[PDB]
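Below, in structure tokens: the form deposited in one PDB entry, a single chain.
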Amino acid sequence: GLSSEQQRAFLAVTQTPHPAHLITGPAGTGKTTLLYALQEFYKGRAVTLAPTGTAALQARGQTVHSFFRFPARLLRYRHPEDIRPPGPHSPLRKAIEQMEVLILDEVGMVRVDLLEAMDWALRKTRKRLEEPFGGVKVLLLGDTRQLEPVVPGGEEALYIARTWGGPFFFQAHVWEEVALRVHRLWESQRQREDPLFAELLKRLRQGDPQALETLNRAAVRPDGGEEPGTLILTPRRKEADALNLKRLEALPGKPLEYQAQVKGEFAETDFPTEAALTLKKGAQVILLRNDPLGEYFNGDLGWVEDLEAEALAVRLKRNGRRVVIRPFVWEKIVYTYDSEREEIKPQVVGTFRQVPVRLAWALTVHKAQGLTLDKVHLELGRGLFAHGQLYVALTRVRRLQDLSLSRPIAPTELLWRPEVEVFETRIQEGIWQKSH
């Protein structure tokens, strides 16, 4: 049931012994439905992983961290304390030893250390140290034009720069030992549903600011946020918070405040949600952690149904189901430099305990990455500031008419890091081999 373009990639991946493939293209191009066809072909032989919970859900797999039991921190290069093989008689060891294919969805969101940790974990567990991924055939799928992987400041950023030169999956050293065969998908849903939108976005992918004039002519209407069924996106947290606060205060009903418990050193700028979180029944929220039992994910939108002491009920938009939310603990990690060997090392210095809930009438563009919305309004505020931020904001909706802007987009807000441009020009040949 694949299109001709999808069948081309399906056959190029399944009917060759080559062990490393990348299937890439813009959103709506068929990557996920091709993944399902690959799963049906391989079924027992393949393990499906993704870097986020919502992507793992859409890929019918698990997160990379959960499968390999990686810690939620910087994965230092082949470091035995961050990358631990499974025990001698564990189910995970059997799963890795018998694995033939690893399917990795949304690979553009896989940070370089995550991918490298996969490589090392597979090599060590399978005892094939000289073969990339321990001889497992890796099928990467994803768009290469997204928000960059998260890289905190301080010694962590310096480590990643020193070790890999950057955060992207194509900067991993494993590509120096195996060639990545590339297969592009061009035909998108959007090309059929709104070709004008698809043409504008293609030019913006190419960094062409010319496209902004038509986009601004079509989409600028400052009152677009006042319309029903409209989620508001902002570049920064402060403006989204003010939006949410206004909606919360206008919502009739009795409020309940959830007070975080903070221990040790945890600056409030690093808080994953508000320390004093006030909620009302019916408030639009977004969940902030992945359920270990798979009933909800970080990024799930929903509505507050019940509010009680350290426990609330949320009705999920995704499936209409009810989930009960209790506090989670986040850790603050600091990396200290040893200054005599290379030797940075993590230490947990603080903890933050709070219900994993944030108000969601307004969201940041970063937080809305990976959601598909029916209608969005972009309240630009002081402006977009990150690689891919404009493109990700625009692509949250299916049609240009579903989008509105508070003001014209400026050419300074169309941002792409040159390393991503360089990698794209090299994967237009059909195969890519990282130098060194």
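Residue positions are given as counts along the sequence shown, with the first one as 1. So that the term is clear: the rigid core is the largest set of C-alpha atoms that superpose within 1.5 Å between two forms.
Separately, the form deposited in another entry exists; it is not shown, and the next lines address it.
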query: Residue showing a 2 Å-or-more C-alpha displacement between this form and the one not shown once the rigid core is overlaid, selected from 172, 180, 231, 160; finding: 231
query: Cα displacement of residue 360 between this form and the one not shown reaching 2 Å, rigid core superposed; finding: yes
query: Large Cα move at residue 346 between this form and the one not shown, threshold 2 Å, rigid core; finding: no
query: After fitting the core, residue 77 CA displacement of 2 Å or more between this form and the one not shown; finding: no
